[PDB]
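In what follows, a structure is listed as structure tokens, so that the remarks can point back to it.
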Amino acid sequence: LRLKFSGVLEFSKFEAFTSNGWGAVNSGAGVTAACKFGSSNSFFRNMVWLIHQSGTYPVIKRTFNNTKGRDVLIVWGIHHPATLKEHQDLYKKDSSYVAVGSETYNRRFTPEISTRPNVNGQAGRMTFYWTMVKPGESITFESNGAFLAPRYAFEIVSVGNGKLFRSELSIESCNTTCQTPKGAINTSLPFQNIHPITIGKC
Amino acid sequence: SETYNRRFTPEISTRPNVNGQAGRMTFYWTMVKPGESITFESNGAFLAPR
């Protein structure tokens, strides 16, 4: 996806499923001390973290038809708890699955429970997955636990050829003919010893 | 076999019937080299190599 966000220049501002469209699940309790919203506690915004509802986490399932006519980058995730007790407290079962499938995709995941050294104070982990729904594809998400629900997708508008620098600088001006990680360059000379990663007529 | 070692499992998920089939078929191929013995074992979701 970095390879794809290298060489792309989209206007990705769309969304699909509702936070509470999912039935009979706690649909507003996504607080985590790892994704702290500053002083408060919260979680990733493009992702909804679902818990049991009144001690009941049923088999939930939704489908998105991509009638946008363009590639839509959907992200979701899956929780790997630290202990079996956490899985019981959150999904009110011992084991669960995440079945995702479209005209192209086909993956059943399962949480894998084990205690690990704490990172941001968490002994559990989260494997995140991304898929590009092609135009007029239909993708179905189905699960009964350990399921990070997709909420905010990305419709890719202008599939271009823009890259991804690791550069320690700041935005500057619009007057340029060629751009490099450390600076801009403005000649039609044939050669440069500046750096290989360049964007523009370089 | 002497070289190959894999246990697969099916992946049941709700997928739009493509050719009228909501399920999928993942196909696999190997090269049994001269003088080898390969063993197939299964209890479902299996296309026998005819």
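Lettering and numbering for the structure tokens are positional, with chains as A, B, ... in the shown order, residues counted from 1 in each chain, and ligands counted from 1 in the shown order.
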query = Tell me, which residues of chain A carry DSSP strand (DSSP E), written as a count of residues only?
reply = 59
At most 12 Å is the cut-off: for each residue in chain A with any atom that close to an atom of chain B, write down the nearest atom pair and the distance in Å rounded to one decimal, counting only C-alpha atoms, chain first then increasing number, as a Markdown table.
| residue | atom | partner | partner_atom | distance |
| --- | --- | --- | --- | --- |
| A:60 | CA | B:14 | CA | 11.8 |
| A:61 | CA | B:14 | CA | 9.0 |
| A:62 | CA | B:14 | CA | 9.8 |
| A:63 | CA | B:14 | CA | 9.3 |
| A:64 | CA | B:16 | CA | 11.1 |
| A:65 | CA | B:16 | CA | 10.5 |
| A:97 | CA | B:13 | CA | 10.1 |
| A:98 | CA | B:13 | CA | 8.6 |
| A:99 | CA | B:13 | CA | 4.9 |
| A:100 | CA | B:13 | CA | 6.0 |
| A:101 | CA | B:15 | CA | 4.7 |
| A:102 | CA | B:15 | CA | 4.8 |
| A:103 | CA | B:16 | CA | 5.9 |
| A:104 | CA | B:15 | CA | 8.6 |
| A:105 | CA | B:15 | CA | 8.0 |
| A:106 | CA | B:13 | CA | 6.7 |
| A:107 | CA | B:11 | CA | 6.3 |
| A:108 | CA | B:11 | CA | 5.4 |
| A:109 | CA | B:11 | CA | 8.8 |
| A:110 | CA | B:11 | CA | 11.0 |
| A:136 | CA | B:16 | CA | 11.6 |
| A:137 | CA | B:16 | CA | 8.8 |
| A:138 | CA | B:16 | CA | 6.8 |
| A:139 | CA | B:15 | CA | 7.1 |
| A:140 | CA | B:14 | CA | 6.1 |
| A:141 | CA | B:14 | CA | 7.7 |
| A:142 | CA | B:14 | CA | 7.4 |
| A:143 | CA | B:13 | CA | 9.6 |
request  = Quick one: everything within 9 Å of residue B:3, counting only C-alpha atoms, minus sequence neighbours fewer than 4 positions away in the same chain. Send it as an NGL selection string.
outcome  = :B and (32 or 36 or 38)
Gap from atom CA of residue A:73 to atom CA of residue A:129 - Å, one decimal =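 Answer for the atom CA of residue A:73 to atom CA of residue A:129 separation: 10.5 Å.
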request  = Based on DSSP run over this structure's backbone, return all residues of stretch 5-202 of chain A in alpha helix (DSSP H), as a ChimeraX atom specification.
outcome  = /A:5,84-91
Given the selection you just returned, output its residues as a file containing N, CA and C atoms, formatted as a short mmCIF file (atom, residue, chain, number, x, y, z; two decimals), in the first residue's frame.
data_model
loop_
_atom_site.label_atom_id
_atom_site.label_comp_id
_atom_site.auth_asym_id
_atom_site.auth_seq_id
_atom_site.Cartn_x
_atom_site.Cartn_y
_atom_site.Cartn_z
N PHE A 5 0.51 4.03 -2.64
CA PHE A 5 0.47 5.43 -2.27
C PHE A 5 1.70 6.19 -2.75
N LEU A 84 -7.60 -15.43 27.47
CA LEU A 84 -8.95 -15.88 27.13
C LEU A 84 -10.00 -15.05 27.86
N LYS A 85 -9.65 -14.54 29.05
CA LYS A 85 -10.60 -13.77 29.84
C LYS A 85 -10.96 -12.46 29.15
N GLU A 86 -10.00 -11.82 28.49
CA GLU A 86 -10.30 -10.60 27.74
C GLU A 86 -11.28 -10.89 26.61
N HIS A 87 -11.06 -11.99 25.89
CA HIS A 87 -11.97 -12.37 24.82
C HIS A 87 -13.37 -12.63 25.35
N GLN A 88 -13.48 -13.25 26.53
CA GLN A 88 -14.80 -13.47 27.12
C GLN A 88 -15.44 -12.15 27.55
N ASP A 89 -14.65 -11.26 28.15
CA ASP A 89 -15.19 -9.98 28.61
C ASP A 89 -15.68 -9.14 27.45
N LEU A 90 -15.06 -9.27 26.28
CA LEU A 90 -15.37 -8.39 25.16
C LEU A 90 -16.35 -8.98 24.16
N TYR A 91 -16.21 -10.26 23.81
CA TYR A 91 -17.06 -10.88 22.81
C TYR A 91 -17.93 -11.98 23.38
#
key: residue B:1 environment, 12 Å, only C-alpha atoms, sequence neighbours closer than 3 positions dropped, as a ChimeraX atom specification   = /B:4-7,30-33,35-41
Next, the residues of the selection above should be written as an mmCIF file, in the first residue's frame with N, CA, C and O atoms.
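Okay, out_15.cif is ready:
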data_model
loop_
_atom_site.group_PDB
_atom_site.id
_atom_site.type_symbol
_atom_site.label_atom_id
_atom_site.label_comp_id
_atom_site.auth_asym_id
_atom_site.auth_seq_id
_atom_site.Cartn_x
_atom_site.Cartn_y
_atom_site.Cartn_z
ATOM 1 N N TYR B 4 7.499 -32.027 0.551
ATOM 2 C CA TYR B 4 6.338 -31.162 0.696
ATOM 3 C C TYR B 4 5.600 -31.455 2.000
ATOM 4 O O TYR B 4 5.406 -32.619 2.360
ATOM 5 N N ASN B 5 5.158 -30.390 2.684
ATOM 6 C CA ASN B 5 4.560 -30.494 4.021
ATOM 7 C C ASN B 5 3.537 -29.369 4.181
ATOM 8 O O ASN B 5 3.915 -28.268 4.594
ATOM 9 N N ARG B 6 2.256 -29.639 3.906
ATOM 10 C CA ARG B 6 1.254 -28.591 4.095
ATOM 11 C C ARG B 6 -0.100 -29.182 4.471
ATOM 12 O O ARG B 6 -0.556 -30.137 3.838
ATOM 13 N N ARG B 7 -0.749 -28.595 5.479
ATOM 14 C CA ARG B 7 -2.157 -28.851 5.773
ATOM 15 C C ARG B 7 -2.945 -27.569 5.536
ATOM 16 O O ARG B 7 -2.758 -26.575 6.246
ATOM 17 N N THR B 30 2.253 -29.076 -7.542
ATOM 18 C CA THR B 30 3.610 -29.424 -7.145
ATOM 19 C C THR B 30 4.275 -30.248 -8.236
ATOM 20 O O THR B 30 3.620 -30.809 -9.111
ATOM 21 N N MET B 31 5.595 -30.300 -8.168
ATOM 22 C CA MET B 31 6.401 -31.120 -9.063
ATOM 23 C C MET B 31 6.943 -32.279 -8.239
ATOM 24 O O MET B 31 7.889 -32.105 -7.468
ATOM 25 N N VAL B 32 6.341 -33.459 -8.380
ATOM 26 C CA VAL B 32 6.945 -34.641 -7.780
ATOM 27 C C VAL B 32 8.164 -35.029 -8.608
ATOM 28 O O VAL B 32 8.074 -35.300 -9.814
ATOM 29 N N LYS B 33 9.321 -34.970 -7.969
ATOM 30 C CA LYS B 33 10.618 -35.198 -8.578
ATOM 31 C C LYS B 33 10.841 -36.699 -8.714
ATOM 32 O O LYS B 33 10.099 -37.487 -8.124
ATOM 33 N N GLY B 35 11.390 -40.407 -8.311
ATOM 34 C CA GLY B 35 11.416 -41.337 -7.180
ATOM 35 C C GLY B 35 10.978 -40.659 -5.880
ATOM 36 O O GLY B 35 11.732 -40.561 -4.909
ATOM 37 N N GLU B 36 9.734 -40.192 -5.873
ATOM 38 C CA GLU B 36 9.143 -39.610 -4.679
ATOM 39 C C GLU B 36 7.772 -40.222 -4.437
ATOM 40 O O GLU B 36 7.130 -40.746 -5.351
ATOM 41 N N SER B 37 7.325 -40.136 -3.190
ATOM 42 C CA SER B 37 6.033 -40.662 -2.766
ATOM 43 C C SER B 37 5.281 -39.549 -2.052
ATOM 44 O O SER B 37 5.689 -39.111 -0.971
ATOM 45 N N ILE B 38 4.197 -39.081 -2.664
ATOM 46 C CA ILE B 38 3.400 -37.986 -2.123
ATOM 47 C C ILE B 38 2.066 -38.532 -1.636
ATOM 48 O O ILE B 38 1.425 -39.344 -2.317
ATOM 49 N N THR B 39 1.644 -38.068 -0.459
ATOM 50 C CA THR B 39 0.473 -38.561 0.247
ATOM 51 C C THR B 39 -0.549 -37.444 0.376
ATOM 52 O O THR B 39 -0.234 -36.361 0.887
ATOM 53 N N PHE B 40 -1.767 -37.721 -0.079
ATOM 54 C CA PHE B 40 -2.910 -36.832 0.049
ATOM 55 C C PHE B 40 -3.852 -37.418 1.091
ATOM 56 O O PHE B 40 -4.159 -38.617 1.052
ATOM 57 N N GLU B 41 -4.309 -36.571 2.010
ATOM 58 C CA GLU B 41 -5.154 -36.956 3.128
ATOM 59 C C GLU B 41 -6.154 -35.835 3.353
ATOM 60 O O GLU B 41 -5.790 -34.660 3.280
#
